[PDB]
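Just the heavy atoms: all of them, side chains too, but no hydrogens, waters or symmetry mates, feed the values below. Order of appearance sets the numbers: ligands from 1, and atoms from 1 within every ligand. Below, chains carry the letters A, B, ... as their sequence lines are ordered, and counting in each starts from 1.
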Amino acid sequence: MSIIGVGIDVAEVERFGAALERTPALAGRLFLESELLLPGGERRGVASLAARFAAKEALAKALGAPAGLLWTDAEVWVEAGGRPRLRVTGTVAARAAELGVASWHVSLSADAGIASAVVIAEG
Amino acid sequence: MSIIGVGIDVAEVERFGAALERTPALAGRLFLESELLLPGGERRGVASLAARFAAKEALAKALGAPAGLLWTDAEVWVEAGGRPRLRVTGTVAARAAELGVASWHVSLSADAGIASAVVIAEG
Amino acid sequence: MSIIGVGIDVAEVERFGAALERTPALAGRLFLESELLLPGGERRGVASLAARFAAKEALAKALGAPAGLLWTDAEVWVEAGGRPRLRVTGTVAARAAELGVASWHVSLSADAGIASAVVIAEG
Ligand SMILES: CC(C)(COP(=O)(O)OP(=O)(O)OC[C@H]1O[C@@H](n2cnc3c(N)ncnc32)[C@H](O)[C@@H]1OP(=O)(O)O)[C@@H](O)C(=O)NCCC(=O)NCCS
Ligand SMILES: CC(C)(COP(=O)(O)OP(=O)(O)OC[C@H]1O[C@@H](n2cnc3c(N)ncnc32)[C@H](O)[C@@H]1OP(=O)(O)O)[C@@H](O)C(=O)NCCC(=O)NCCS
Ligand SMILES: CC(C)(COP(=O)(O)OP(=O)(O)OC[C@H]1O[C@@H](n2cnc3c(N)ncnc32)[C@H](O)[C@@H]1OP(=O)(O)O)[C@@H](O)C(=O)NCCC(=O)NCCS
Ligand SMILES: [Mg+2]
Ligand SMILES: [Mg+2]
Ligand SMILES: [Mg+2]
(Lines give C-alpha, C1' and ligand atoms only; values in the text may rest on other atoms or scores of the structure.)
(Ligands and ions follow the chains in the order given, each with its own letter.)
Protein backbone atom coordinates (compact mmCIF):
# COMPACT_ATOMS: atom_id res chain seq x y z
CA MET A 1 0.00 0.00 0.00
CA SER A 2 0.81 3.68 -0.45
CA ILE A 3 -0.67 6.94 0.81
CA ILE A 4 -3.50 8.09 -1.43
CA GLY A 5 -4.39 11.32 0.34
CA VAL A 6 -4.09 13.36 3.49
CA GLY A 7 -6.55 15.88 4.95
CA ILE A 8 -6.37 18.36 7.79
CA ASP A 9 -9.09 20.61 9.15
CA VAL A 10 -9.33 23.17 11.94
CA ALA A 11 -12.80 24.30 13.10
CA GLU A 12 -13.56 27.19 15.43
CA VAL A 13 -15.83 25.64 18.07
CA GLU A 14 -17.96 28.70 18.97
CA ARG A 15 -18.74 29.43 15.31
CA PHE A 16 -19.66 25.78 14.67
CA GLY A 17 -22.03 25.80 17.66
CA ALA A 18 -23.62 29.01 16.42
CA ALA A 19 -24.25 27.41 13.00
CA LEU A 20 -25.96 24.41 14.61
CA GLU A 21 -28.17 26.71 16.72
CA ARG A 22 -29.13 28.91 13.76
CA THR A 23 -30.51 26.04 11.61
CA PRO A 24 -32.23 23.19 13.52
CA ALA A 25 -31.83 20.87 10.48
CA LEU A 26 -28.05 21.30 10.22
CA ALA A 27 -27.03 18.68 12.81
CA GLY A 28 -29.03 16.00 10.97
CA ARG A 29 -27.50 17.02 7.65
CA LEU A 30 -23.92 16.65 8.96
CA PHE A 31 -24.21 13.75 11.41
CA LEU A 32 -25.76 10.32 11.75
CA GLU A 33 -27.86 9.73 14.86
CA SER A 34 -25.07 7.58 16.37
CA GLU A 35 -22.53 10.44 16.07
CA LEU A 36 -24.79 12.80 18.03
CA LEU A 37 -24.64 10.55 21.11
CA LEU A 38 -21.98 9.78 23.69
CA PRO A 39 -21.26 6.07 24.48
CA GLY A 40 -23.58 6.22 27.52
CA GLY A 41 -26.46 7.80 25.58
CA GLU A 42 -26.20 11.49 26.50
CA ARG A 43 -26.01 14.22 23.83
CA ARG A 44 -22.56 14.84 22.36
CA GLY A 45 -21.18 18.32 23.09
CA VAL A 46 -20.36 21.04 20.58
CA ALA A 47 -16.55 20.74 20.68
CA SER A 48 -16.73 16.98 20.09
CA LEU A 49 -19.17 17.51 17.22
CA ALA A 50 -16.87 20.17 15.80
CA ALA A 51 -14.04 17.61 15.85
CA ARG A 52 -16.22 15.15 13.91
CA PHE A 53 -17.09 17.91 11.41
CA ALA A 54 -13.37 18.58 11.01
CA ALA A 55 -12.80 14.84 10.48
CA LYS A 56 -15.37 14.74 7.71
CA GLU A 57 -13.85 17.83 6.05
CA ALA A 58 -10.40 16.29 6.34
CA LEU A 59 -11.69 13.02 4.85
CA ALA A 60 -13.21 14.94 1.94
CA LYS A 61 -9.87 16.71 1.40
CA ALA A 62 -8.01 13.37 1.38
CA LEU A 63 -10.34 12.30 -1.44
CA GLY A 64 -9.94 15.55 -3.44
CA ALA A 65 -13.38 16.81 -2.36
CA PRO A 66 -15.42 15.98 -5.49
CA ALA A 67 -19.02 17.10 -5.86
CA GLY A 68 -21.70 14.73 -4.59
CA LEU A 69 -20.24 13.47 -1.31
CA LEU A 70 -22.81 13.14 1.50
CA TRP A 71 -21.82 14.02 5.08
CA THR A 72 -23.90 11.08 6.25
CA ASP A 73 -21.82 8.69 4.08
CA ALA A 74 -18.88 9.18 6.44
CA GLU A 75 -19.30 7.98 10.00
CA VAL A 76 -17.05 8.56 12.99
CA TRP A 77 -17.48 5.62 15.38
CA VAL A 78 -15.68 4.89 18.65
CA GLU A 79 -13.85 1.79 19.89
CA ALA A 80 -14.40 0.73 23.53
CA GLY A 81 -11.03 2.31 24.43
CA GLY A 82 -12.25 5.68 23.08
CA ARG A 83 -10.38 5.65 19.79
CA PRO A 84 -12.15 7.32 16.83
CA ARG A 85 -12.60 5.42 13.57
CA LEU A 86 -13.94 6.18 10.09
CA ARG A 87 -16.53 4.05 8.31
CA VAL A 88 -17.42 5.07 4.76
CA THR A 89 -20.49 4.15 2.72
CA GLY A 90 -22.32 5.18 -0.42
CA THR A 91 -20.90 8.25 -2.16
CA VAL A 92 -17.78 8.47 0.01
CA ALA A 93 -17.03 4.75 -0.37
CA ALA A 94 -17.56 5.07 -4.13
CA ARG A 95 -15.04 7.91 -4.39
CA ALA A 96 -12.61 6.01 -2.15
CA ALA A 97 -12.91 3.05 -4.57
CA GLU A 98 -12.18 5.31 -7.57
CA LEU A 99 -8.87 6.17 -5.89
CA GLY A 100 -8.11 2.68 -4.53
CA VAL A 101 -8.42 3.48 -0.80
CA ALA A 102 -8.34 0.39 1.42
CA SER A 103 -7.63 1.83 4.88
CA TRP A 104 -8.52 4.98 6.83
CA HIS A 105 -6.68 6.62 9.74
CA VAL A 106 -8.02 9.50 11.82
CA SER A 107 -7.13 11.46 14.92
CA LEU A 108 -9.03 14.29 16.66
CA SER A 109 -8.03 17.05 19.13
CA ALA A 110 -9.67 20.10 20.65
CA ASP A 111 -8.27 22.95 22.72
CA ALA A 112 -7.94 26.74 22.73
CA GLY A 113 -11.35 27.21 21.09
CA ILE A 114 -10.56 24.98 18.11
CA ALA A 115 -11.22 21.41 17.07
CA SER A 116 -8.88 19.67 14.68
CA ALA A 117 -8.61 16.45 12.70
CA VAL A 118 -6.11 14.69 10.50
CA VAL A 119 -7.11 11.90 8.09
CA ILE A 120 -4.89 9.64 6.00
CA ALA A 121 -6.22 7.44 3.18
CA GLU A 122 -4.07 4.46 2.27
CA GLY A 123 -4.33 1.71 -0.37
CA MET B 1 7.28 2.70 -0.30
CA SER B 2 7.53 3.95 3.27
CA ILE B 3 7.04 7.29 5.01
CA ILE B 4 10.21 9.35 4.88
CA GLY B 5 9.03 12.39 6.80
CA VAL B 6 6.07 14.33 8.12
CA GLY B 7 5.73 18.08 8.68
CA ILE B 8 3.12 20.24 10.36
CA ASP B 9 2.96 24.02 10.58
CA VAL B 10 0.57 26.53 12.10
CA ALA B 11 0.83 30.19 11.04
CA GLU B 12 -0.95 33.13 12.64
CA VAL B 13 -2.61 34.90 9.70
CA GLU B 14 -2.53 38.51 11.00
CA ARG B 15 1.19 38.30 11.84
CA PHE B 16 1.98 36.80 8.42
CA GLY B 17 0.10 39.61 6.68
CA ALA B 18 1.97 42.19 8.75
CA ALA B 19 5.31 40.66 7.69
CA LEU B 20 4.33 40.87 4.01
CA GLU B 21 3.28 44.52 4.41
CA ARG B 22 6.48 45.48 6.27
CA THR B 23 8.87 44.25 3.53
CA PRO B 24 7.64 44.64 -0.08
CA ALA B 25 10.22 42.06 -1.28
CA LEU B 26 9.07 39.31 1.09
CA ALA B 27 6.19 37.95 -1.02
CA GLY B 28 8.54 37.40 -3.98
CA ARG B 29 11.08 35.68 -1.75
CA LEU B 30 8.52 33.17 -0.42
CA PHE B 31 6.25 32.61 -3.42
CA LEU B 32 6.38 32.04 -7.16
CA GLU B 33 4.26 34.35 -9.29
CA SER B 34 1.73 31.54 -9.90
CA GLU B 35 1.18 31.05 -6.14
CA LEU B 36 0.29 34.73 -5.68
CA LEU B 37 -2.70 34.40 -8.02
CA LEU B 38 -6.12 32.79 -7.73
CA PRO B 39 -7.26 30.47 -10.59
CA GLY B 40 -9.21 33.34 -12.22
CA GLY B 41 -6.28 35.78 -12.06
CA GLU B 42 -7.09 37.90 -9.00
CA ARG B 43 -4.58 38.37 -6.15
CA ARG B 44 -4.48 35.57 -3.57
CA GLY B 45 -5.54 36.66 -0.07
CA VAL B 46 -3.41 36.69 3.06
CA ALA B 47 -4.94 33.64 4.78
CA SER B 48 -4.47 31.51 1.65
CA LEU B 49 -0.88 32.73 1.32
CA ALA B 50 -0.32 31.95 4.99
CA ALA B 51 -1.52 28.39 4.31
CA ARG B 52 1.00 28.07 1.47
CA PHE B 53 3.75 29.43 3.75
CA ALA B 54 2.76 26.80 6.33
CA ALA B 55 2.89 24.14 3.59
CA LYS B 56 6.42 25.14 2.65
CA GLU B 57 7.51 25.12 6.32
CA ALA B 58 5.90 21.72 6.78
CA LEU B 59 7.63 20.42 3.64
CA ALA B 60 10.97 21.68 4.97
CA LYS B 61 10.29 19.91 8.28
CA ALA B 62 9.49 16.64 6.45
CA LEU B 63 12.94 16.91 4.85
CA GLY B 64 14.76 17.72 8.12
CA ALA B 65 15.09 21.42 7.19
CA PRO B 66 18.72 21.48 5.98
CA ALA B 67 20.45 24.74 5.10
CA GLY B 68 20.18 25.93 1.51
CA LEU B 69 16.55 25.19 0.64
CA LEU B 70 14.89 27.92 -1.46
CA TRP B 71 11.24 28.83 -0.84
CA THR B 72 10.82 29.20 -4.59
CA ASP B 73 11.97 25.58 -5.12
CA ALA B 74 8.70 24.37 -3.60
CA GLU B 75 5.51 25.21 -5.44
CA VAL B 76 1.91 24.80 -4.31
CA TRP B 77 -0.24 24.31 -7.41
CA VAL B 78 -3.98 23.60 -7.66
CA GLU B 79 -5.93 20.91 -9.51
CA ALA B 80 -9.14 21.95 -11.32
CA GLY B 81 -11.17 20.53 -8.40
CA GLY B 82 -9.34 22.87 -5.99
CA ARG B 83 -6.99 20.33 -4.46
CA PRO B 84 -3.52 21.62 -3.47
CA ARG B 85 -0.40 19.84 -4.72
CA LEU B 86 3.36 20.14 -4.17
CA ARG B 87 5.89 20.37 -6.98
CA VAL B 88 9.55 20.44 -5.98
CA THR B 89 12.55 21.62 -7.99
CA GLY B 90 16.18 22.54 -7.52
CA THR B 91 17.38 22.56 -3.91
CA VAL B 92 14.22 21.00 -2.49
CA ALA B 93 14.15 18.26 -5.14
CA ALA B 94 17.85 17.60 -4.48
CA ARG B 95 17.25 17.14 -0.76
CA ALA B 96 14.21 14.97 -1.47
CA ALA B 97 16.44 12.78 -3.67
CA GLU B 98 19.04 12.46 -0.88
CA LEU B 99 16.28 10.94 1.27
CA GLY B 100 14.61 8.90 -1.50
CA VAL B 101 11.29 10.81 -1.64
CA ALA B 102 9.09 9.79 -4.57
CA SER B 103 5.67 11.18 -3.60
CA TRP B 104 4.31 14.23 -1.78
CA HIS B 105 0.99 14.69 0.04
CA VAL B 106 -0.33 17.99 1.38
CA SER B 107 -3.46 19.40 2.94
CA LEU B 108 -4.26 22.99 4.01
CA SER B 109 -6.81 24.56 6.40
CA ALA B 110 -7.50 27.99 7.84
CA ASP B 111 -9.84 29.16 10.58
CA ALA B 112 -9.82 30.99 13.92
CA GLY B 113 -7.01 33.32 12.82
CA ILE B 114 -4.63 30.50 11.90
CA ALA B 115 -3.56 28.71 8.75
CA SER B 116 -2.28 25.16 8.93
CA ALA B 117 -0.67 22.54 6.73
CA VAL B 118 0.38 18.93 6.95
CA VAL B 119 2.88 17.37 4.52
CA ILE B 120 3.90 13.73 4.15
CA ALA B 121 6.93 12.61 2.12
CA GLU B 122 6.86 9.03 0.91
CA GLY B 123 9.30 6.84 -1.06
CA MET C 1 4.95 -1.50 5.80
CA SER C 2 1.59 0.17 6.35
CA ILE C 3 0.29 2.95 8.57
CA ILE C 4 -0.70 1.60 11.97
CA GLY C 5 -1.93 4.82 13.56
CA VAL C 6 -1.97 8.59 13.40
CA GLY C 7 -2.22 11.09 16.26
CA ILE C 8 -2.72 14.83 16.42
CA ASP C 9 -2.73 17.10 19.45
CA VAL C 10 -3.15 20.82 20.04
CA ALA C 11 -2.12 22.28 23.42
CA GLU C 12 -2.84 25.78 24.67
CA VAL C 13 0.58 27.05 25.80
CA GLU C 14 -0.52 29.40 28.63
CA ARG C 15 -2.69 26.71 30.24
CA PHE C 16 0.12 24.15 29.99
CA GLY C 17 2.55 26.56 31.67
CA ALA C 18 0.03 27.22 34.43
CA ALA C 19 -0.30 23.47 35.08
CA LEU C 20 3.49 23.11 35.39
CA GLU C 21 3.64 26.05 37.83
CA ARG C 22 0.77 24.74 39.97
CA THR C 23 2.37 21.32 40.67
CA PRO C 24 6.20 21.28 40.99
CA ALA C 25 6.24 17.49 40.39
CA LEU C 26 4.37 17.65 37.07
CA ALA C 27 7.35 18.42 34.80
CA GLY C 28 9.20 15.33 36.09
CA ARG C 29 6.12 13.18 35.59
CA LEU C 30 5.75 14.21 31.92
CA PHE C 31 9.35 14.65 30.80
CA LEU C 32 12.75 12.99 31.04
CA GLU C 33 15.60 15.19 32.25
CA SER C 34 17.00 15.38 28.68
CA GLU C 35 13.70 16.79 27.33
CA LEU C 36 13.75 19.64 29.86
CA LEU C 37 17.03 20.98 28.44
CA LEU C 38 17.97 22.82 25.26
CA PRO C 39 20.96 21.48 23.23
CA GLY C 40 23.30 24.00 24.90
CA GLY C 41 22.15 23.14 28.43
CA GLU C 42 19.69 25.94 29.25
CA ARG C 43 16.14 25.22 30.45
CA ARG C 44 13.61 24.46 27.71
CA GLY C 45 10.80 27.03 27.46
CA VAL C 46 7.10 26.45 28.04
CA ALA C 47 5.96 26.52 24.39
CA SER C 48 8.61 23.96 23.41
CA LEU C 49 7.62 21.76 26.36
CA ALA C 50 3.97 22.12 25.35
CA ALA C 51 4.92 20.86 21.87
CA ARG C 52 6.60 17.81 23.41
CA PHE C 53 3.51 17.20 25.58
CA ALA C 54 1.40 17.37 22.41
CA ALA C 55 3.79 14.91 20.75
CA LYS C 56 3.37 12.43 23.58
CA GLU C 57 -0.43 12.80 23.49
CA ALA C 58 -0.38 12.33 19.72
CA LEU C 59 1.83 9.24 20.10
CA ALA C 60 -0.60 7.81 22.65
CA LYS C 61 -3.48 8.45 20.24
CA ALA C 62 -1.61 6.67 17.41
CA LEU C 63 -1.40 3.64 19.71
CA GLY C 64 -5.08 3.77 20.76
CA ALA C 65 -4.20 5.24 24.19
CA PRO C 66 -4.43 2.09 26.35
CA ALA C 67 -4.14 2.25 30.13
CA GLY C 68 -0.66 1.92 31.60
CA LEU C 69 1.47 4.02 29.25
CA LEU C 70 4.14 6.09 31.03
CA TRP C 71 4.96 9.60 29.78
CA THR C 72 8.60 8.88 30.53
CA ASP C 73 8.53 5.84 28.20
CA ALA C 74 8.29 8.19 25.22
CA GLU C 75 11.22 10.50 24.58
CA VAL C 76 11.50 13.40 22.17
CA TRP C 77 15.16 13.76 21.17
CA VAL C 78 16.75 16.16 18.69
CA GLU C 79 19.10 15.57 15.74
CA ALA C 80 22.01 18.01 15.26
CA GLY C 81 20.00 19.76 12.51
CA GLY C 82 17.18 20.43 14.99
CA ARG C 83 14.79 17.73 13.82
CA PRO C 84 12.62 16.11 16.53
CA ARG C 85 12.55 12.33 16.89
CA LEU C 86 10.65 9.79 19.00
CA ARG C 87 12.33 7.04 21.01
CA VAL C 88 10.03 4.59 22.80
CA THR C 89 10.82 2.27 25.70
CA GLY C 90 9.07 0.14 28.28
CA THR C 91 5.28 0.43 28.29
CA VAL C 92 5.08 2.48 25.09
CA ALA C 93 7.46 0.15 23.22
CA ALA C 94 5.45 -2.84 24.48
CA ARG C 95 2.20 -1.40 23.14
CA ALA C 96 3.91 -0.49 19.86
CA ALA C 97 5.03 -4.14 19.58
CA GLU C 98 1.47 -5.38 20.17
CA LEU C 99 0.45 -3.38 17.10
CA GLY C 100 3.56 -4.13 15.00
CA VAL C 101 5.00 -0.59 14.90
CA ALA C 102 8.50 -0.43 13.41
CA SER C 103 8.93 3.29 12.62
CA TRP C 104 7.86 6.61 14.14
CA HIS C 105 7.43 10.01 12.48
CA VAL C 106 6.80 13.27 14.31
CA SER C 107 6.58 16.98 13.59
CA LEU C 108 6.02 19.90 15.98
CA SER C 109 4.81 23.52 15.54
CA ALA C 110 3.87 26.40 17.80
CA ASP C 111 2.24 29.75 17.08
CA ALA C 112 -0.79 31.85 18.03
CA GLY C 113 -0.73 30.60 21.64
CA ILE C 114 -0.87 26.92 20.68
CA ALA C 115 1.58 24.08 20.30
CA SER C 116 0.80 21.21 17.97
CA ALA C 117 2.14 17.80 17.00
CA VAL C 118 1.41 15.09 14.49
CA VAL C 119 2.67 11.51 14.91
CA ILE C 120 2.50 8.61 12.47
CA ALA C 121 3.21 5.00 13.47
CA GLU C 122 4.22 2.68 10.65
CA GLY C 123 5.06 -1.04 10.44
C1 LIG D 1 -12.84 22.30 -0.02
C2 LIG D 1 -13.31 22.00 1.40
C3 LIG D 1 -13.05 20.53 1.69
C4 LIG D 1 -12.48 22.80 2.41
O5 LIG D 1 -13.20 23.92 2.83
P6 LIG D 1 -13.12 24.53 4.32
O7 LIG D 1 -13.01 23.55 5.44
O8 LIG D 1 -14.34 25.40 4.49
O9 LIG D 1 -11.86 25.53 4.28
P10 LIG D 1 -10.40 25.19 4.88
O11 LIG D 1 -9.69 26.47 5.19
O12 LIG D 1 -10.42 24.22 6.01
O13 LIG D 1 -9.76 24.45 3.64
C14 LIG D 1 -9.60 25.17 2.44
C15 LIG D 1 -8.46 24.52 1.70
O16 LIG D 1 -8.85 23.26 1.22
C17 LIG D 1 -8.08 22.95 0.07
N18 LIG D 1 -9.00 22.43 -0.95
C19 LIG D 1 -9.87 23.13 -1.76
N20 LIG D 1 -10.45 22.27 -2.62
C21 LIG D 1 -9.98 21.03 -2.36
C22 LIG D 1 -10.23 19.79 -2.93
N23 LIG D 1 -11.00 19.66 -4.01
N24 LIG D 1 -9.58 18.69 -2.44
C25 LIG D 1 -8.69 18.81 -1.39
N26 LIG D 1 -8.44 20.02 -0.81
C27 LIG D 1 -9.08 21.12 -1.30
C28 LIG D 1 -7.43 24.24 -0.41
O29 LIG D 1 -6.04 24.15 -0.16
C30 LIG D 1 -8.10 25.30 0.46
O31 LIG D 1 -7.30 26.41 0.77
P32 LIG D 1 -6.83 27.43 -0.39
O33 LIG D 1 -8.03 27.75 -1.24
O34 LIG D 1 -6.31 28.64 0.33
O35 LIG D 1 -5.75 26.76 -1.18
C36 LIG D 1 -14.80 22.36 1.56
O37 LIG D 1 -15.10 23.63 1.00
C38 LIG D 1 -15.72 21.35 0.94
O39 LIG D 1 -16.05 21.43 -0.42
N40 LIG D 1 -16.18 20.41 1.76
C41 LIG D 1 -16.77 19.19 1.26
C42 LIG D 1 -17.13 18.29 2.42
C43 LIG D 1 -17.88 17.07 1.94
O44 LIG D 1 -17.94 16.77 0.74
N45 LIG D 1 -18.45 16.36 2.91
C46 LIG D 1 -19.27 15.20 2.64
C47 LIG D 1 -18.48 13.90 2.76
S48 LIG D 1 -17.68 13.71 4.37
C1 LIG E 1 12.93 24.78 11.65
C2 LIG E 1 11.78 25.45 10.90
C3 LIG E 1 11.36 24.54 9.75
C4 LIG E 1 10.56 25.58 11.82
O5 LIG E 1 10.48 26.89 12.31
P6 LIG E 1 9.09 27.66 12.60
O7 LIG E 1 7.97 27.41 11.64
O8 LIG E 1 9.42 29.13 12.66
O9 LIG E 1 8.70 27.23 14.10
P10 LIG E 1 7.59 26.12 14.47
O11 LIG E 1 7.07 26.37 15.85
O12 LIG E 1 6.51 25.98 13.45
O13 LIG E 1 8.47 24.81 14.41
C14 LIG E 1 9.54 24.68 15.30
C15 LIG E 1 9.78 23.20 15.48
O16 LIG E 1 10.32 22.65 14.31
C17 LIG E 1 11.09 21.52 14.65
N18 LIG E 1 12.36 21.60 13.91
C19 LIG E 1 13.46 22.38 14.19
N20 LIG E 1 14.45 22.07 13.32
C21 LIG E 1 13.98 21.12 12.48
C22 LIG E 1 14.56 20.44 11.42
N23 LIG E 1 15.84 20.60 11.09
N24 LIG E 1 13.82 19.50 10.75
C25 LIG E 1 12.52 19.23 11.13
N26 LIG E 1 11.94 19.89 12.17
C27 LIG E 1 12.67 20.82 12.84
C28 LIG E 1 11.34 21.56 16.15
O29 LIG E 1 10.59 20.53 16.76
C30 LIG E 1 10.83 22.95 16.53
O31 LIG E 1 10.28 23.04 17.83
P32 LIG E 1 11.22 22.86 19.13
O33 LIG E 1 12.47 23.67 18.91
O34 LIG E 1 10.41 23.36 20.28
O35 LIG E 1 11.53 21.40 19.26
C36 LIG E 1 12.20 26.84 10.40
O37 LIG E 1 12.87 27.58 11.40
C38 LIG E 1 13.07 26.79 9.18
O39 LIG E 1 14.46 26.64 9.32
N40 LIG E 1 12.45 26.90 8.02
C41 LIG E 1 13.09 26.52 6.78
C42 LIG E 1 12.12 26.69 5.63
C43 LIG E 1 12.79 26.44 4.31
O44 LIG E 1 13.92 25.92 4.23
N45 LIG E 1 12.07 26.81 3.25
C46 LIG E 1 12.59 26.71 1.90
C47 LIG E 1 12.14 25.43 1.20
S48 LIG E 1 10.34 25.24 1.17
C1 LIG F 1 -7.40 10.22 25.09
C2 LIG F 1 -6.26 11.22 25.18
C3 LIG F 1 -5.07 10.66 24.40
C4 LIG F 1 -6.65 12.53 24.50
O5 LIG F 1 -7.03 13.48 25.46
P6 LIG F 1 -6.75 15.06 25.33
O7 LIG F 1 -5.45 15.46 24.71
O8 LIG F 1 -6.87 15.64 26.72
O9 LIG F 1 -8.01 15.62 24.50
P10 LIG F 1 -7.98 15.98 22.93
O11 LIG F 1 -9.06 16.98 22.63
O12 LIG F 1 -6.64 16.40 22.43
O13 LIG F 1 -8.30 14.57 22.31
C14 LIG F 1 -9.53 13.97 22.60
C15 LIG F 1 -9.84 13.04 21.46
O16 LIG F 1 -8.98 11.93 21.49
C17 LIG F 1 -9.63 10.83 20.88
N18 LIG F 1 -9.41 9.66 21.74
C19 LIG F 1 -10.05 9.33 22.92
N20 LIG F 1 -9.62 8.12 23.33
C21 LIG F 1 -8.71 7.68 22.43
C22 LIG F 1 -7.96 6.51 22.36
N23 LIG F 1 -8.13 5.51 23.22
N24 LIG F 1 -7.11 6.34 21.30
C25 LIG F 1 -6.98 7.31 20.33
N26 LIG F 1 -7.71 8.47 20.40
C27 LIG F 1 -8.57 8.64 21.44
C28 LIG F 1 -11.11 11.16 20.79
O29 LIG F 1 -11.43 11.38 19.43
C30 LIG F 1 -11.22 12.44 21.61
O31 LIG F 1 -12.21 13.34 21.17
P32 LIG F 1 -13.78 12.95 21.28
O33 LIG F 1 -14.01 12.37 22.66
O34 LIG F 1 -14.52 14.24 21.07
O35 LIG F 1 -14.07 11.96 20.20
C36 LIG F 1 -5.90 11.49 26.65
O37 LIG F 1 -7.05 11.71 27.45
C38 LIG F 1 -5.10 10.39 27.28
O39 LIG F 1 -5.74 9.29 27.85
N40 LIG F 1 -3.78 10.55 27.25
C41 LIG F 1 -2.88 9.43 27.48
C42 LIG F 1 -1.45 9.90 27.32
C43 LIG F 1 -0.48 8.80 27.69
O44 LIG F 1 -0.85 7.63 27.86
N45 LIG F 1 0.78 9.20 27.81
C46 LIG F 1 1.84 8.31 28.24
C47 LIG F 1 2.60 7.73 27.06
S48 LIG F 1 3.29 8.99 25.96
MG1 LIG G 1 -12.13 23.85 7.18
MG1 LIG H 1 6.04 27.47 12.04
MG1 LIG I 1 -5.10 17.11 23.69
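In this structure, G81(C) has a heavy atom closer than 4.0 Å to ligand 2. Under a 4.0 Å heavy-atom criterion, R52(C) is in contact with ligand 2. Ligand 2 has at least one atom lying under 4.0 Å from a heavy atom of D9(B).
Of the protein's non-hydrogen atoms, the one nearest atom 37 (O) of ligand 2 is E57(B) OE1, 4.9 Å. For atom 34 (O) of ligand 2, the closest non-hydrogen atom on the protein side is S48(C) OG, 2.6 Å. Scanning all protein heavy atoms for the shortest distance to atom 11 (O) of ligand 2 gives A110(C) N, 2.9 Å. At the top of the distance list for atom 48 (S) of ligand 2, counting protein heavy atoms only, stands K56(B) O, 3.5 Å. Among all protein heavy atoms, the one lying closest to atom 13 (O) of ligand 2 is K61(B) NZ, 3.1 Å. Nearest protein heavy-atom neighbour of atom 43 (C) of ligand 2: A60(B) CB, 3.7 Å. In terms of protein heavy-atom proximity, atom 18 (N) of ligand 2 is nearest to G82(C) O, 3.5 Å. From the protein, the heavy atom lying nearest to atom 15 (C) of ligand 2 is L108(C) O, 3.6 Å.
No more than 12 heavy atoms of other residues, nucleotides or ligands shown are found within 6.0 angstrom of CD on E33(A).
Counting only residues at least two apart or on different chains, the salt bridge (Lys or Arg N to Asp or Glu O under 4.0 Å) pairs with a member in residues 48-67 of chain B are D9(B)-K61(B), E35(B)-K56(B).
Looking at heavy atoms from C-beta onward, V6(C) lies out of side-chain contact with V119(C) at the 4.5 angstrom threshold. The closest side-chain heavy-atom distance from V106(C) to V76(C) is not below 4.5 Å. Between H105(A) and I120(C), the closest side-chain pair of non-hydrogen atoms is not below 4.5 Å. The shortest distance between side-chain heavy atoms of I114(B) and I114(A) falls below 4.5 Å. Residues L59(A) and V88(A) are in side-chain contact: their nearest non-hydrogen atoms beyond the backbone lie under 4.5 Å apart. Side-chain atoms of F16(A) and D111(B), non-hydrogen and from C-beta on, never get closer than 4.5 Å to each other.
Using a distance-only test at 3.5 Å, with no hydrogens or angles considered, no donor-acceptor pair links the side chain of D73(B) to the main chain of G90(B). A donor-acceptor pair under 3.5 Å is absent between the side-chain atoms of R29(A) and the main chain of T72(A), judged by distance alone. Judged by distance alone, with hydrogens and angles left aside, the side-chain atoms of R85(C) form no donor-acceptor pair with the main-chain N or O of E75(C) at under 3.5 Å. A donor-acceptor pair is defined here as one N or O able to donate and one able to accept, closer than 3.5 Å; no such pair exists between the side chain of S103(B) and the backbone of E122(B). At least one donor-acceptor pair under 3.5 Å links the side chain of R95(C) to the backbone N or O of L63(C). At least one donor-acceptor pair under 3.5 Å links the side chain of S107(A) to the backbone N or O of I8(C). No donor-acceptor pair under 3.5 Å is formed between the side chain of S109(A) and the backbone N or O of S116(A).
Set against the non-hydrogen atoms of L70(B), the atoms of ligand 2 under 4.0 Å away are 46 (C), 47 (C).
Annotation: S109(C) places an N or O atom under 3.5 Å from an N or O atom of ligand 2; distance criterion only. At least one N or O atom of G64(B) sits closer than 3.5 Å to an N or O atom of ligand 2.
The nearest protein heavy atom to atom 41 (C) of ligand 2 is closer than 4.0 Å. Inside a 4.0 Å radius of atom 45 (N) of ligand 2 there is at least one protein heavy atom. Not a single protein heavy atom sits closer than 4.0 Å to atom 31 (O) of ligand 2.
Within a radius of less than 2.8 Å around the Mg ion (ligand 4), the protein N, O or S atoms are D9(A) OD1.
The option from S107(C), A65(B), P84(C) that lies nearest to atom 26 (N) of ligand 2, judged by heavy atoms, is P84(C).
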